[PDB]
Protein chains: 2
Amino acid sequence: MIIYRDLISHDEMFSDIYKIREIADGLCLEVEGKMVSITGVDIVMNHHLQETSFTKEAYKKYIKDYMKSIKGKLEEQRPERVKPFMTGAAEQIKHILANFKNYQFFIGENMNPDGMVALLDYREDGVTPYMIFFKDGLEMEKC
Amino acid sequence: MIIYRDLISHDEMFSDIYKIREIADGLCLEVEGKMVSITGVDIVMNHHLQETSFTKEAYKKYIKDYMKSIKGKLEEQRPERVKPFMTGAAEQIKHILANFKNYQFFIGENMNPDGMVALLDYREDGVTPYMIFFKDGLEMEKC
């Protein structure tokens, strides 16, 4: 099994028991969930993700801060990934802010305030959930 | 996370993301799943378990051979489990054969004809699925 952890907080975020597809040119992972019967998202239940909430202005403050943290990690492990990530994430942040109320927000079970914030959306059938993660803020652990 | 593997075919069978319970005096692990959306059992989908079928006669012959593979590995591992493994296992077979119709049967994704066969039943509420595994045929690795 492959487990994906938060690069900052080291929480487990999900694993390859779900369907995973890269999007936005390697910037993000889209993870397919399943609804299960408290009627919820298996990804969230399975990994004890905690739902959180932002005002738009606190997210803007948070996500710039988080982007700077990922820039730091990349600078010391993959310096070539820095300017694609900073470019791509800026493109992505401004779109996320547009649809801000279409997303729910989740953090790992450590509730580290410097951790990644995943976005939960639902497909148009209103039943299948999916979650968006910043791929550069994740670290794969085989076991 | 803890992954539970099939001692014989090395397939992944489940992980500790489910409620897991020891039953039958430490002979078996009972793993509680959730119904999930096609309608099925999260455990089965998450680890790509494969449903199989038996005649009672075929199951009888499969299961006694399975016990000899597990007796063998126990002889070299912990010979003090052989007495209570073959004891409970024999008692467990009679219970399964006596209620043969209430079960579905699942093997790891490699469909190894000699790997463990997990049983799928449902609770008195007829909605909650749970799967039965032979504990002595599992190895509990971490990450």
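Looking at the method and resolution fields of the entry, one finds X-ray crystallography and 2.29 Å.

This part takes up the pairing of strand β1 (residues 2–6) of chain A. Residues and elements named next belong to chain A. Of all 5 residues in β1, 4 are buried; the element is thus mostly enclosed. In terms of strand pairing, β1 meets strand β11 (residues 138–142) through 5 bridges, oriented antiparallel. Considered in β11, the bridge of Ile2 is made with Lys142. Pairing analysis gives 3 bridges linking β1 to strand β2 (residues 12–15), with the strands arranged antiparallel. Counted as the bridge partner of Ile3 is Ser15 from β2. Linking two consecutive strands that pair antiparallel, namely β1 and β2, is a turn of 5 residues; a positive phi of about 65 degrees is found at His10 within it.

Quick look at helix α2 (residues 56–77) of chain A now. When the terminal C-alpha atoms of α2 of chain A are compared, their 31 Å separation across 22 residues agrees well with the 32 Å that a helix rising 1.5 Å per residue should span. Residues of α2 of chain A that are buried sit in contact with α3 (82–98) and β10 (129–134) of chain A.

All names here are of chain B. Reported here for the largest cavity is a volume of approximately 30 Å³. Lining the largest cavity, in full, are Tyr59, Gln92, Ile96, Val117, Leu119, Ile132, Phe133 and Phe134. Examining the composition of the lining of the largest cavity, we find that 3 residues originate from one element, strand β10 (residues 129–134), more than from any other. Here the lining of the largest cavity is composed, by residue class, of 7 nonpolar, 1 polar and no charged.

This part is about the sheet that holds β2 of chain A. Residue and element names in this part refer to chain A. Across the sheet, which stays open at both edges, the 3 strands sit in the order β2-β1-β11 with antiparallel pairing between neighbours. In the strand order of this sheet, the two ends are held by β2 and β11, each with one partner. Put simply, the sheet's adjacent strands are angled 30 degrees from each other on average, direction ignored.

Moving on, we get to the interface of chain B and chain A. Facing 15 residues of chain B, the contacting portion of chain A comprises 13 residues. A per-residue breakdown of the area chain B buries against chain A is headed by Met1, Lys34 and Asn46 of chain B, which together make up 37% of the total. If you look at where chain B meets chain A, you find 0 salt bridges. Counting across the interface, chain B meets chain A through 4 residue pairs in polar contact.

Another point: the nonpolar core. Membership of the largest hydrophobic core comes to 95 residues, with the highest contact counts inside it found for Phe14 of chain A together with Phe14 of chain B. Residues within four places of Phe14 of chain B in sequence aside, it is in contact with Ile2, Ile3, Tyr4, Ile20, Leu29, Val31, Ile43, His47, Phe133 and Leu138 of chain B.

So, on to the sheet that holds strand β3 (residues 20–23) of chain A. All names here are of chain A. The strand order across the open sheet built from 6 strands is β3-β4-β10-β9-β8-β7, with neighbouring strands paired in antiparallel fashion. This sheet does not close on itself; its edge strands, each paired only once, are β3 and β7 (50–52). Neighbour-to-neighbour, the strand axes of the sheet open up by a mean angle of 35 degrees, direction not taken into account. Relative to strand β4 (residues 28–32), β3 runs antiparallel, the two sharing 4 bridges. From the neighbouring strand, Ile20 faces β4, where its bridge partner is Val31.

Now for the packing of aromatic side chains. Residue and element names in this part refer to chain B. In total, this model carries 23 aromatic pairs over all chains according to the counting rule given. Aromatic pair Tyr59 and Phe100: ring centres 5.7 Å apart, planes at 55 degrees, arrangement tilted. Taken together, the residues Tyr59 in helix α2 (residues 56–77) and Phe100 in the loop between α3 (82–98) and β8 (104–107) connect sequence positions 41 residues apart. The exposure class assigned to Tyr59 is buried, which follows from its relative accessible area of 1%. With centroids separated by 6.4 Å and ring planes inclined at 75 degrees, the aromatic side chains of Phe85 and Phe134 adopt a geometry described as edge-to-face. Of this pair, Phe85 sits in helix α3 while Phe134 sits in strand β10, placing them 49 residues apart in sequence. Comparing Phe85 with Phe134 shows no difference in burial state: the two are buried.

Structurally, a disulfide amounts to a covalent bond that connects the sulfur atoms of two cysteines. This model, assessed by the stated rule, comprises 1 disulfide over all chains. The disulfide that involves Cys143 of chain A links it to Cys143 of chain B, with 2.0 Å between the sulfurs. Around the S-S axis, the bridge from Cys143 of chain A to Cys143 of chain B shows a dihedral of about 60 degrees and counts as right-handed. One end of the pair, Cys143 of chain A, is in the segment after β11; the other, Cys143 of chain B, is in the segment after β11 (138–141), on a second chain.

Rules of the game
- Positions are assigned from 1 on a per-chain basis following the written sequence, which can diverge from the numbering of the entry; residues without coordinates are not listed.
- To label them, take the chains in the order written and letter them from A, then take the ligands in the order written and number them from 1.
- Neither water nor hydrogens contribute to the side-chain values; these are computed over all heavy atoms in the structure.
- Partly exposed residues are those whose accessible area sits between 20% and 50% of the maximum for their type, while under 20% is buried and over 50% is exposed, using a 1.4 Å probe and protein chains only.
- Secondary structure follows DSSP: runs of H or I at least 4 residues long count as helices, runs of E at least 2 residues long count as strands, and numbering of each begins at the N terminus.
- Any two strands are treated as partners once DSSP identifies two or more bridges connecting them.
- Helix span, expected: 1.5 Å multiplied by one less than the number of residues in the helix.
- Here, two residues are considered to be in contact whenever any of their heavy atoms come within 4.5 Å of each other.
- Points on a 1 Å grid over protein atoms alone make up a cavity when a 1.4 Å probe fits among them but cannot get out, and a pocket when they form an open set with protein on both sides within 12 Å along at least five of seven lines; lining residues each have an atom within 4 Å of a point.
- Grid points are joined across faces, edges and corners, and a volume is the space filled by probe spheres set on the points.
- Throughout this entry, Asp, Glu, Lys and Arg are counted as charged residues, while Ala, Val, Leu, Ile, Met, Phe, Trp, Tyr, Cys and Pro are counted as nonpolar. The remaining residues, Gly among them, count as polar.
- What counts as an axis is a line fitted to C-alpha atoms, over the stretch in contact for a helix, and the angles between N-to-C directions run from 0 to 180 degrees.
- Here's the idea: put two parts together, see how much 1.4 Å probe accessible area each one loses, and the total over both is what we call buried area.
- Take a side-chain nitrogen of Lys or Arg and a carboxyl oxygen of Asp or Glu: if they are within 4 Å of each other, that pair is a salt bridge.
- Pairing of N or O atoms within 3.5 Å defines a polar contact, subject to two protein rules: one partner must be a possible hydrogen donor and the other a possible acceptor, and residues neighboring in sequence count only if both atoms are side-chain atoms.
- Here, nonpolar core means buried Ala, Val, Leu, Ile, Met, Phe, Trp, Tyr and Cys residues that are tied together by side-chain atoms lying within 4.5 Å of each other.
- Between the rings of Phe, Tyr and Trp (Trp by its six-membered ring), a pair exists once the centres lie within 6.5 Å; its type follows the angle of the planes, with under 30 degrees stacked, over 60 edge-to-face, and the other angles tilted.
- Whenever a pair of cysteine sulfur atoms sits within 2.5 Å, that pair is classed as a disulfide.

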